[PDB]
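Peer 1: here's my sequence, what's the structure:
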Amino acid sequence: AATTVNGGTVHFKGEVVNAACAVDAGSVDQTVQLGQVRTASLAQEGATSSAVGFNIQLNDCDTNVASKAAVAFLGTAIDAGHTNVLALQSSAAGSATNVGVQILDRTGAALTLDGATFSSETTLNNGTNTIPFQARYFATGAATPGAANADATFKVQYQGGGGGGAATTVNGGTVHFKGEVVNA
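Peer 2: Numbering: from 1, shown residues only. This is the structure:
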């Protein structure tokens, strides 16, 4: 049993209420727990954690509106030279330093934190779909232990409604990257 929706066709139309799929509660506001990471793996620019695959569960997809979906991500950039990488959160004086989060499409290519840098077009289907992603902590130098939390949002660029492109970039949900770094 679908077991979804409050009771009515979406009786709230403030904004761009066009999302082909309604995004599961278990995916809109997801806490991606990357766990503790060793500072060993975070010691030069380009060093990375073990990484983790997270996905976006899109319920009651319609293919008339959009036979496809992309996502984009947005957060505080760790630095100017790293507009691809999140700045953690909380204690900017007690979390880890020289490390941030990244988000990669399913191919493994690092997405940019502009909220409009779309990613790997998952051809959808009627019913239920999931776009997988990867995430991992990226060091920009000699990283340190402490805490490693961040909170992006993600967006959903639907597309594939006719003509040849036809795209709609709605919001998508919160991505609470949680985890920490330990001094090995």
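
Peer 1: parallel or antiparallel, list what pairs with the longest strand belonging to the chain.
Peer 2: Looking across the chain with DSSP state E, the single longest strand is strand 167-182. Here strand 167-182 has these sheet partners by DSSP bridges: strand 29-38 (parallel), strand 150-159 (antiparallel).

Peer 1: can you tell me which of these is packed in deepest?
Peer 2: Most buried of these, by mean neighbour count (mean count of other CB atoms under 10 Å): strand 150-159, with a mean of 21. C-beta here means a position set from N, CA and C on the backbone, and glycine is covered the same way.

Peer 1: can I get that strand in PDB, CA atoms only?
Peer 2: The C-alpha coordinates for strand 150-159 follow below in PDB (Å, rounded to 0.1, in the frame of the first residue of the first chain):
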ATOM      1  CA  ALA A 150      27.700  19.700   7.300                       C
ATOM      2  CA  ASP A 151      24.200  20.500   6.000                       C
ATOM      3  CA  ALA A 152      23.700  20.900   2.300                       C
ATOM      4  CA  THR A 153      20.500  21.100   0.600                       C
ATOM      5  CA  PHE A 154      19.900  19.300  -2.700                       C
ATOM      6  CA  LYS A 155      17.700  20.400  -5.700                       C
ATOM      7  CA  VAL A 156      15.900  18.300  -8.300                       C
ATOM      8  CA  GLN A 157      16.300  19.300 -12.000                       C
ATOM      9  CA  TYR A 158      13.500  17.300 -13.600                       C
ATOM     10  CA  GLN A 159      13.700  17.100 -17.500                       C
END
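
Peer 1: buried sites along stretch 98-118?
Peer 2: Within stretch 98-118, the residues scored as buried using 16 or more other CB atoms under 10 Å are 98-105, 110-113, 115, 117-118.

Peer 1: tell me which of those is nearest to residue 45?
Peer 2: Closest approach between those and residue 45, by CB to CB: residue 98, at 8.5 Å.

Peer 1: for residue 79, find the nearest of the strands paired with strand 167-182.
Peer 2: Proximity of the strands paired with strand 167-182 to residue 79 was assessed by CB to CB; the nearest stretch is strand 150-159, lying at 13.9 Å.

Peer 1: what segments of this protein are helices?
Peer 2: Here the chain has its helices, by DSSP state H, at 25-28.
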